[PDB]
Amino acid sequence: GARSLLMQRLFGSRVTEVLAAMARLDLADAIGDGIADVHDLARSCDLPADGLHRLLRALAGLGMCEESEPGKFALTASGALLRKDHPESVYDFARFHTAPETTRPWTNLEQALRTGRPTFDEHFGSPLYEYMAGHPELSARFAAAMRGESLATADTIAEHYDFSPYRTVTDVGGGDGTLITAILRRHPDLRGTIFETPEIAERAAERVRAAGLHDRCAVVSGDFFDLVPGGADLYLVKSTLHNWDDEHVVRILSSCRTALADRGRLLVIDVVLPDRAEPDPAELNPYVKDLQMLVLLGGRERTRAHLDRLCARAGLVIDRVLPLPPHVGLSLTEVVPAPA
């Protein structure tokens, strides 16, 4: 009901703290595939039996564990995803989004709404990507966090978009190559390029080699404000434009239009907000993502009209917006050069 929903929302931060503790204490990996005794687990994470038992009971109450017998715990499917070693692990995603770096800025949300610029810079002393360039461990966590988030998109995009017409695809800000890898796996003849910062490009190059795609997927580093590597039939930009304000987005789309030339297409893979806000079944709430982009980066999520206008300016026109399965929350916006 109306009261239950409100009460749920209000206790959200306490629920997050319970999940944060599970992740920080690596309890998912400690439990693993079996039934674990709380007394055995207590001598793994430096908590006493009583304290750990109360935390595990909360995690069972939140659908992350099962208490088969008093003091005996197994993971649910949800709990399994917080294992470091799970094939679709969101452990790094969980650690990143519960780290002081991503949560402290939210304590100052009203200031971000008042100033219209991020509170991250005030707390940590530089813009997020400048900061991560100086903190390799956070940069590594971020790369693995974005891999975890992008799995839902990577596992669905090729069944919702026809990649067969293209010889070459370049992923602009393509992270560790999670998205392009998934596309290349389904198209053996297709050639890929990941365009990233020098720091993340190191991660992508290792991922491409480890995945055995080095023969037909290359990695190139630079600044998408400077240029996007030319020559490709298709360009992807996923979860990238929402990191930047309108003028910075135009500059990225400007670099993209130069690379598109005559027979180049751009696929913007991002939240497409409705003109009228309403509840959304996406695994991550798109309006919470919007405010995340504000406090961390001074970015935002955008409507089709808002993006259509930013395209228009870049000498680009939104051709067509294609949906993904509703749990994903992202859409595929096809962008081509404007008649002019």
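One-based numbering along the sequence shown.
Undergrad: Averaging only over Cα atoms, indicate whether 24 to 32 or 303 to 311 has the higher B-factor in the PDB entry.
TA: Between 303 to 311 and 24 to 32, it is 303 to 311 that shows the higher mean C-alpha B-factor.
Undergrad: Determine, for stretches 193 to 201 and 240 to 248, which one has the higher mean CA B-factor as deposited.
TA: Looking at the record's C-alpha B-factors, the answer is 240 to 248.
Undergrad: Choose from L10, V328, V15, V317 the residue with the greatest Cα B-factor as stated in the PDB record.
TA: Highest C-alpha B-factor among the listed options: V317.
Undergrad: Checking the record values for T102, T168, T156, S164, which has the greatest CA B factor?
TA: Top of the list by C-alpha B-factor: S164.
Undergrad: Per the entry's values, where does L56 land by CA temperature factor relative to the rest of its chain, in the lowest, middle or highest third?
TA: According to the entry, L56 has a C-alpha B-factor in the chain's lowest third.
Undergrad: What third of its chain, lowest, middle or highest, does the C-alpha temperature factor of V272 fall into?
TA: Within its chain, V272 is a middle-third residue by C-alpha B-factor, going by the deposited values.
Undergrad: Place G177 in the lowest, middle or highest third of its chain's C-alpha B-factors, as listed in the PDB entry.
TA: For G177, the deposited C-alpha B-factor lands in the lowest third.
Undergrad: C-alpha B factor of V208, ranked within the chain: lowest, middle or highest third?
TA: Lowest third of the chain for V208's C-alpha B-factor.
Undergrad: What third of the chain, by the recorded C-alpha B-factor, contains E88?
TA: For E88, the deposited C-alpha B-factor lands in the middle third.
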